[PDB]
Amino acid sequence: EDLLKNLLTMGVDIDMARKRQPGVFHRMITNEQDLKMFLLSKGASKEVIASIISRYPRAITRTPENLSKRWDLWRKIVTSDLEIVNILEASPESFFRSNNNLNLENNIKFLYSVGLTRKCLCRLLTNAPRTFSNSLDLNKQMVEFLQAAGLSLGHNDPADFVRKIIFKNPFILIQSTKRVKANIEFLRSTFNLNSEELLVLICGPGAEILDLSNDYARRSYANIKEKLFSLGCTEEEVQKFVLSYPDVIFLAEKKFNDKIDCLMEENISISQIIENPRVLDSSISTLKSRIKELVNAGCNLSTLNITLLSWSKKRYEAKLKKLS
């Protein structure tokens, strides 16, 4: 009865909430008052609280003890109340979609038992909070899968391959083993690729390739291949290009294409680009903005060393002064 009214004064988007979890609006008891007071107690703003509830209404069904207990468990990982408030604003659901504080505590123990430092748990929690709402068994599967994958290739100690990969790729525990498997086979298939090279790639520059959704890597690579082929790059040149800079796989087709075109329209050859792949780091705005500045001064661009297009503001802007 009082529910709909309280939510209103709280500032909640009631229509959106209703549509997200209608089941919660058919409960005869709810704790929206306790929740609001609880989150206020911990620093949250009035609008954040409304936003949280609007996106994950079931939040209002937790008790002060559950909330406080779960919070205190998050405080075993993150050092301050404010850090947790920010994570909850950014995704409420990782905190509130489970009321199983025992599982949570077991997750924490299991992760520690994998040999992860607190700083690494903190990095997980802050950037992939949903790791902590996974069931223990779910996090176990991924770790097991990774060990198995580690030794299925040539890794001298899998236990340490796991830590390297989890530190470099903090999102790995919230991907399915299906997705990750498929991205590893994509890499092994498309490139060479001996286990030793595949390890390095996977632990290092290619680490987040493992988090790409189904077929998105294959599709993105296909586009890179087409686009470079069309410009007179051989397949070997294309592979070498992508392995030297796997981040290029993350770009959307159009973004990669527009980036290439915007450079070559200034007479930068494809060869200049693929031999200095880091120029593709800059956004299109930054590239266009810098190109204008440089042509707008003496510069050729066809013969210039284009590495500067991806330098820091400070280093770029200094070289530009000198150039005039």
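For every residue, the number given is its place in the sequence shown, counted from 1.
- Of the two segments examined, 25 to 33 and 253 to 261, it is 25 to 33 that shows the higher average Cα temperature factor in the deposited entry.
- Taking only CA atoms, the mean B-factor in the PDB entry is higher for 148 to 156 than for the other of 242 to 250 and 148 to 156.
- Looking at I49, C299, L67, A59, the one whose CA carries the top B-factor in the deposited record is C299.
- The PDB entry gives the largest Cα B-factor of the residues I284, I274, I291, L39 to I291.
- In the PDB entry, a CA B factor belonging to the lowest third of its chain's modelled residues is recorded for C233.
- Ranked against the other modelled residues of its chain, the C-alpha B-factor of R179 as given in the entry falls in the lowest third.
- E93 sits in the lowest third of its chain by CA B factor, as recorded in the PDB entry.
- Looking at the C-alpha B-factors along this chain, the one for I209 belongs to the lowest third.
- When the modelled residues of the chain are ordered by C-alpha B-factor, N192 sits in the highest third.
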